[PDB]
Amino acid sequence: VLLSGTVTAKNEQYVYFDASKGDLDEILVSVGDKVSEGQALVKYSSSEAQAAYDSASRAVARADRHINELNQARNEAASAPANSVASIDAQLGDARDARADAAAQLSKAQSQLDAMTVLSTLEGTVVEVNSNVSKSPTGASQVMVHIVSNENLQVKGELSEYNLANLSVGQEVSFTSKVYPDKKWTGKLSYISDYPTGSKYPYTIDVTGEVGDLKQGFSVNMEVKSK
């Protein structure tokens, strides 16, 4: 049995415009760069986030002071020659709670700041930048950065109803490429689906050995046995 797939990349990352994050400052990457696993890619305007952060830490510090004046007032009104120590122990409770509130909010604003710059999840090739996107429910999704890893290649395809009854997972195969009639690369079948002129099910093969000169999107061809 002769099959034909196309070689795809395994790992991608898309980056869409997030309206809820405000306004884009600059995309700091160019279509062609190989980016680190943790390299930055997009920076939103981070002034409102930094301001909310500062306000949060001032709220925390003010909570700590406030409990400190309450503390002195307590240990004065107590060892007092005898307003109430309990009347402000209440306030102490309702001030430690406000302190914990401001603490949690500070951490929230902290990551609300970290969210303003988008990092990669992978080292690959940026293949698309688009700095001209709008903040409006535009009816579609506005891609801003597309990164795909050119390593751990696979080859994906489909097979007919008849064609599934021709062996399965864990099989090693070898394929050929119409642009390099000489060489043949090998692969170990990684996945066959049982979920879809004939119904078609998708297969994926993790590729063995050296990639050599195979580019993504290359049309390939194989030969395996059936039943």
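Each residue number is its position in the shown sequence, starting from 1.
- Gap between residue 82 and residue 83: 10 or more deposited residues without coordinates.
- In this entry, residue 196 and residue 197 are separated by 10 or more residues of the deposited sequence that lack coordinates.
- Legend: mean Cα B-factor per stretch from the PDB entry, 101 to 109 versus 135 to 143; the higher mean is in 135 to 143.
- With 50 to 58 and 160 to 168 compared on mean CA B-factor from the PDB entry, the stretch scoring higher is 160 to 168.
- Take 129, 88, 118, 155 and read off each C-alpha B-factor from the entry; 88 has the highest.
- Looking at the C-alpha B-factors along this chain, the one for residue 38 belongs to the middle third.
- Sort the chain's modelled residues by C-alpha temperature factor and residue 18 lands in the highest third, per the entry.
- In the PDB entry, a CA B factor belonging to the highest third of its chain's modelled residues is recorded for residue 208.
- In this PDB entry, residue 226 carries a Cα temperature factor that places it within the highest third of its chain's modelled residues.
- Ranked by Cα temperature factor within the chain, residue 114 sits in the lowest third according to the deposited record.
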